[PDB]
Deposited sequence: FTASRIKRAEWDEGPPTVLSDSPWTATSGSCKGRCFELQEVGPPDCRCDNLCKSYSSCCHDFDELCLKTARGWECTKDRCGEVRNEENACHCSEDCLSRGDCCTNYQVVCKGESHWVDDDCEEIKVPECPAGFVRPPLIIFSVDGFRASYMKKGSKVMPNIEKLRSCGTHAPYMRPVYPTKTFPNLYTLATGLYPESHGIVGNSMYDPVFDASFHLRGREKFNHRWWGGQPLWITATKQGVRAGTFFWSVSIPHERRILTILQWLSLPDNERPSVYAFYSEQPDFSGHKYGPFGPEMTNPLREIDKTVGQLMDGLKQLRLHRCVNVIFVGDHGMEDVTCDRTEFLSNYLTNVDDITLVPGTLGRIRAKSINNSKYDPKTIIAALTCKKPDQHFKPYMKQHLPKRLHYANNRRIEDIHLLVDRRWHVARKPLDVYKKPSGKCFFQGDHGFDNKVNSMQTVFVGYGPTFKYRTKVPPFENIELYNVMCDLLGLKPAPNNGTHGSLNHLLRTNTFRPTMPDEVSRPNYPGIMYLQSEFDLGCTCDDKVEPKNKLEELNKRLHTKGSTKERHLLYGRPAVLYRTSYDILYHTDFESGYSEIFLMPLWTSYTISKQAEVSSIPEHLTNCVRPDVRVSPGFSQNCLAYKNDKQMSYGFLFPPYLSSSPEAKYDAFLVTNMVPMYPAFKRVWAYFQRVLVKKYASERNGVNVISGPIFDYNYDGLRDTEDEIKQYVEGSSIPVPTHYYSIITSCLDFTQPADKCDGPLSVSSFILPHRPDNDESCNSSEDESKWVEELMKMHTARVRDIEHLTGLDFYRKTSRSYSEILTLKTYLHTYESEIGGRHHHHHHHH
């Protein structure tokens, strides 16, 4: 119940929300159907429109008007935004040449530059260039301030997951808004765009920017706006708040536009109807900047122009129907569209089996436009699994397509020409970032980055301590003139042992064999040096990775590679090696095909054994340092050490073998040498974080050899590829991957063909940031480079996306 009988007199767009049943006057009262009876009359005035005209200049104040052009309007803070232009001979902000803002120029009583976030729904990154001719204000922000060619959203590329990621710095799996539609089985409640369940605080996790601010004594405008409040009135309201007394005035504000998403859905991303909505958005930006100039704030406020996600061409006719795949379509519930999420329709159905559903959806039609996954098998870069609201079965839908349960869902539930929600590396889903103001840099372009990084920066801009989040604080310091955040490298927690030769061959009973009894004070002194680390500077280019948890491990040196060997997991945490542009690939000699050699630096009790692999009929093994890239026949024997062996399903060995034999050399050729760090990952609870030993769900049968869920590689080279990887003076270039260690290649529909037709495609789908690998392993990479730490944090958040150019 609401008692709408109260009044909004002097309360229009009040900042504190009053408790029911008292009637509300804040910018969300409409959405809750709780506004006081006079809200429209008093707070949503429209009389005479939004612009001053010559004949209103000096007019006598009439409080009925939407905005004012009377002499007293500046001190009241409620002039139309073009007042000084029309009535006082001033220029529009967009018509002034841009002048660097070297320091904040703020009026007396301003304790810090305010922050204004101007957020636009469905603003595809390519609009900045393709629409630049009709968006002069936005183009001025862009060219004069700091901009990215694009900003990466989170998956799914839907509105509320991305807006709330922007507000919290968290992946959707962590903040809880994992889609625009959701079912939470613990609450037994559904979240919908339409209705009142979505207002319940329980859905919304983490700590959003407006709460972080308020707890630290920084006041915030209310970020949300009821759809019916026109944009002009949103802007006037913000400008009025900025004229409040110092002690009452917020320091952070948000404007939100439903455009261009609204029209994009109807007309497609570049439908000719899309020009007008872009013009109108620009006009709104102009109104803000003009109003700021009027208040003498245009060289004081930091403005962020940011989108949530892009927009792709999608039509009714590009829909896949689960009824064409499944026999039992009515036993399932499907969350449909640009992603699919499937669960059982009834928890009382004992014949529901996810394995049979997945199989019926796997590679069934030649040009099938979606692919099914158990969520723990989704690309780890999506970070989309660790939440009870994310159904076990997920469908990744190809760009330009939909999935639905049955055809009647699509006509009796054509219309639409655009949609979004696809994989967040897709070019059409990318969105925008521009920062302008004293704290941002001047005429600076920065590389694309992920929207999860922005919360930290918005906190830096306001002097706030960020709540714990998924950004890497410092990775965006290069966007800022001042207020950078200067982190220290984390402390190493475990120091390595450096074992020498401590065991005789006969102490081992691993059931291994090797034909290596073939064999000089020359290269015997020399191989002793190699085992003591004499070539380590070549193969460990950026320092040893630091182990950031308590464990027991050994550094092992070799001619061609160096490793950190875990006595707990019985395998390397990491193996590091450098392959020059000139390196030659060789074979595994016939007599060494099944060679595995005891490592006399490591006890039998801390070694794998070959008998376990013989007896486990499902499991084989591979090597981290590839025998194919040995520097010489004699060095190749090091590659067959038991301490370089890792457990691999035969199906996976196909992928790994092709990576090691073909691709590494290819990358060394293309990049002028590469440094490779490879290793296992264990994430059985799919939380994105290194498993402890007691979370491991599978071992090589009969043994304590844990089975990885994933294998990673970090491949580093010189950004200036005229320098070799091992003699690089400047910035680095990286690409990484986290490959699922699966017992089949069902993920790859063409896997019966030659690896040259499918393996690389798989690896591109599983591209990763170095930072993702850090979470998954508890390792810290790049500790000893000649680069600044912030630059290195940027490198660690890099994602190599293998998408074509944005714009063609």
Which deposited-sequence positions, grouped into ranges, are missing C-alpha coordinates? 1-23, 437-440, 547-548, 838-846
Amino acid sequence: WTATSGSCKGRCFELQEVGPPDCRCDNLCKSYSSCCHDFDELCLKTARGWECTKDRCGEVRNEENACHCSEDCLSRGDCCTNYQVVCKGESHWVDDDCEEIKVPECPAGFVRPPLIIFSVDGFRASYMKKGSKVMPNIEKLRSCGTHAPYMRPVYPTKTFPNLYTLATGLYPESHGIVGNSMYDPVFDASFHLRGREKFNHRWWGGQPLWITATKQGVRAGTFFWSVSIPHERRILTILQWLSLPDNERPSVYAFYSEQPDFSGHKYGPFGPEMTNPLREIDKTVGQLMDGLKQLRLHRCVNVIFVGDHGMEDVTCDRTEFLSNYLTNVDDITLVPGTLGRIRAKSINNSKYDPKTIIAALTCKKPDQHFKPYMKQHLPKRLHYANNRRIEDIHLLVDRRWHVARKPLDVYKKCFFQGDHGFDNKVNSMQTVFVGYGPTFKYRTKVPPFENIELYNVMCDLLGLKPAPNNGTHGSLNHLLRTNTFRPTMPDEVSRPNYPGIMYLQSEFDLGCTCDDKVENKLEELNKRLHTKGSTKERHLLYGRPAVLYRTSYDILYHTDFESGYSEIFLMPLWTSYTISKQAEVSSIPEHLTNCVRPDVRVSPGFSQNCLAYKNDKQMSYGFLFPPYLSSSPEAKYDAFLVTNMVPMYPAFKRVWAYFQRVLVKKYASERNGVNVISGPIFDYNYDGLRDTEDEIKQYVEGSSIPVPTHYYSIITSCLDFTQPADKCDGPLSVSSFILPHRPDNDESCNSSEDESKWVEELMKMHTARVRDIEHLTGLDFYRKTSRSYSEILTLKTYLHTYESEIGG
From here on, numbers count along this sequence of modelled residues.
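So that the term is clear: the rigid core is the largest set of C-alpha atoms that superpose within 1.5 Å between two forms.
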More variable segment, 520-528 or 543-551 [Cα RMS over structures in 5 other deposited structures of this protein, core-superposed]: 520-528
Looking at the entry, does 203-211 or 678-686 show the higher mean C-alpha B-factor? 203-211
Determine, for stretches 386-394 and 222-230, which one has the higher mean CA B-factor as deposited. 222-230
Just the C-alpha B-factor column, please: which of 750, 777, 767, 65 has the biggest number? 65
Among the choices 434, 73, 502, 292, identify the one whose CA B-factor in the record is greatest. 73
Relative to the other modelled residues in the chain, which third contains the C-alpha temperature factor of residue 37: lowest, middle or highest? highest
Lowest, middle or highest third - CA B-factor, residue 773: lowest
Give the position of residue 134 by CA B-factor within its chain, expressed as the lowest, middle or highest third. middle
Comparing against every modelled residue in the chain, figure out the third that the C-alpha B-factor of residue 28 lands in (lowest, middle or highest). highest
Residue 145 CA temperature factor, ranked by third within the chain: lowest
